[PDB]
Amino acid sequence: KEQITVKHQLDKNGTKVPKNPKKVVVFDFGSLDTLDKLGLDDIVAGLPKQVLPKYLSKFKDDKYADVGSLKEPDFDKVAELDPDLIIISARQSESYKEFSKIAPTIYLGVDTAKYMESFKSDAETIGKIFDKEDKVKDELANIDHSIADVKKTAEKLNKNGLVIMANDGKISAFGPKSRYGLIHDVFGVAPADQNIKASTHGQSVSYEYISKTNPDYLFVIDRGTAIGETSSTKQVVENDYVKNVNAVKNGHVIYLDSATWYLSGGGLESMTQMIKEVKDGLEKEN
């Protein structure tokens, strides 16, 4: 069977994978949605179905094996499927060795310090494996065009933005190079606070922090909503304390699709969606 050498984060010298694999187990939802965009649903053997973003609900179909959750893979079930390729990302990073004993495994997570570089590389890798290089090239081109358009819109406004995630009432902030840094790094929104320490969990902040930052646009992700726990966005954004924040009083709170933003991202479909949510937010009147 014809093989292709795939350089990835967890083996920069390259992992041999079969060309046109037929039984792929996918633990990265971005990668899953790239496969979907390329019309490759048929070769997905399994994915973790514990929680699925709405745009991926089709994958509840029993033709796809449930291999657990993003943080708790059902390794025996993965092995049972006799997969010919496994795709993982950051949440399974430490289990690379375990997955590799089952089948060739590649890591396709975005590097938020180098978002577009890693995004394009991941997509192109999928293109090469499944003989969809031209389709990927064209899709990346359209995405670049959409990104240029949102960036132009963001820069026209002369306004800034703060990105926060709510989690059972606790708030954390995300700036450049962070998990949700792309809103600034890629989409061009000026950061209301350049100095937020980049991380995956975000910088813990208070309501007083939102007030002192006074962002013109407020991008909100709700971790609770994403994972099926209680939402806590309204207690934050409709709190009396921040009623005078620009984003709040001017109606520029942008409620992102939390499930997609938290559980997914980094794929052709999720990126397309994410651009449009930001663009729509930035284009709203008032």
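The numbering used is simple: start at 1 and walk along the sequence shown.
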- line: Entry B factor averaged over C-alpha atoms, 159-167 against 202-210: higher for 202-210
- line: Going by the entry, of stretches 174-182 and 129-137 the one with greater average Cα B-factor is 129-137
message: Take the CA temperature factors straight from the PDB entry and tell me which of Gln235, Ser69, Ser31, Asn244 peaks.
response: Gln235
field: Assigned third (lowest, middle, highest) for the C-alpha B factor of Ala192
entry: lowest
task: Taking the values exactly as deposited, rank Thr153 by C-alpha B-factor within its chain and report the matching third: lowest, middle or highest.
output: middle
- line: Among the modelled residues of its chain, the C-alpha B-factor of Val26 falls in the third labelled lowest
message: When the deposited Cα B-factors of this chain's modelled residues are ordered and cut into thirds, is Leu85 in the lowest, the middle or the highest one?
response: lowest
- request: Select lowest, middle or highest to describe the third in which the CA B-factor of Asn239 falls within its chain in this entry.
  value: middle
